[PDB]
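Just one chain follows, in the form deposited in one PDB entry, and it is written as structure tokens.
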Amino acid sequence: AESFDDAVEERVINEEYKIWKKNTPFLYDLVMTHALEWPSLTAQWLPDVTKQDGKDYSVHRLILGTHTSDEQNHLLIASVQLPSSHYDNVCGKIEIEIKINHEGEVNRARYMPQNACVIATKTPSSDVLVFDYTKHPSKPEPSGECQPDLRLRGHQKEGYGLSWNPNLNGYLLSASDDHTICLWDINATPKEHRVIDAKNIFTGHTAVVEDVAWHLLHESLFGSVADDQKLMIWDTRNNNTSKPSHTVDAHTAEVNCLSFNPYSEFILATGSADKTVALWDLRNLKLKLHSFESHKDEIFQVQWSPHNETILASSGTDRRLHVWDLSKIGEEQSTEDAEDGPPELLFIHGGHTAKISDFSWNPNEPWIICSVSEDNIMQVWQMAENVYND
């Protein structure tokens, strides 16, 4: 590069990666790398696991998407062979099973927990689509025409935030660049071209709403995060959709993501452009529980471990994925361990050489993550047992 600092930075990345590759047998129990035709902006493991009898591997599936320059975009279902002859002329195959025609890049794709065949998608346009992949062929049509099972109206702009209610069937939330949060009941009688209008529109934010998340236990409770630096807590039982139950001045920059703790009904996390992950207690949102510092750039995704209550991970533009352990907060460290980071930082994943777009914890196999980057790479990996043990 033209700048010395720029040329060094590009070289350090390439050099760090070569070291990461050579050190993978020390840090991981599993590393699987796959280069997708196009980069995916989304990643989410489907909940099902198919164990073939007398086979040394199980088949896991994952929802992916495409992001292309000028080609036909697709919603993808990929199969992954994980441990429960394998030589290619690398160890476990990653394959695209379903390709469903999509209009524009898939900003986010999430399955409905009550019917995992149903997947809502965020488009680069105002509509939010719904697809039943069993109501579509495995091979897409060269017609290139996107035929969603439902078109959800209410937004004026594209977005990323998307969350299905785990306790209330068909209740879908969506966040948009238009500053709104839309709610739909996909069970409502559609109209026109399978078009369902927003049941409610929440207008509390005064900037781009980056994410939405339903509380995992209270079916009426959800949280939102925006570029206005706020975290907002909403109750659908209230009739005022312009004022949230709580407004939290969460960060010193844009708030890009949030995730509720799957084991503690009061604990929640937010990720920000201020390069920190904040911990929140719904019982006292005026005071921040803790700040996770060590990310070297804007954070875009936060996800709690589906298996361990004290574990969460964050990813962003710094091309790294950090895994944090709440139980290690305020622990004593030797001066040598202290220089590597805070005790709460359990692991740094340096497998990606580009911005991490999304990641997903495998719900059936503990410590397995799938992360997708802007350079088309998708990694299925698992840190070494010794990292989280002893």
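Here, rigid core means the biggest group of C-alpha atoms that superpose within 1.5 Å across both forms. Residues that one form lacks are left out of the comparison. Numbers for residues come from their place in the sequence shown, where the first is 1.
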Other entries modelling both neighbours but not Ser143, at least a third: yes
Tell whether, across the other compared PDB entries, at least a third have no coordinates for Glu265. no
Please count the deposited residues lying between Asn239 and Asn240 that the model leaves without coordinates, and give the class: none, 1 to 3, 4 to 9, or 10 or more. none
Scan the PDB entry between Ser84 and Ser85 and report the missing deposited residues as one of none, 1 to 3, 4 to 9, 10 or more. 4 to 9
Comparing 312 to 320 with 152 to 160, the one whose average Cα B-factor in the PDB entry is higher: 152 to 160
Stretch with the greater mean C-alpha B-factor as recorded in the entry, comparing 47 to 55 against 60 to 68: 47 to 55
Can you tell me which of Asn200, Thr252, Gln303, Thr247 has the highest Cα temperature factor in the record? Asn200
Out of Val128, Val209, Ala109, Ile267, whose C-alpha atom has the biggest B factor in the entry? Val128
Split the chain's modelled residues into thirds by Cα B-factor; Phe292 lands in the lowest
Would you mind ranking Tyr171 by its C-alpha B-factor against the rest of the chain and naming the third, lowest, middle or highest? highest
Considering only modelled residues of the same chain, in which third does the CA B-factor of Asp281 rank: lowest, middle or highest? lowest
Sorting by Cα B-factor within the chain, modelled residues only, which third would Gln114 end up in: lowest, middle or highest? highest
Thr121 by Cα B-factor - lowest, middle or highest third of the modelled chain: middle
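Below: the form deposited in another entry, not depicted.
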Option from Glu71, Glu95, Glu192, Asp249 moving between this form and the one not shown, CA shift at or above 2 Å, rigid core reference: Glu192
Give the residue ranges, in sequence order, where three or more consecutive C-alphas each shift by 2 Å or more between this form and the one not shown after rigid core alignment. 3 to 10, 90 to 92, 189 to 193
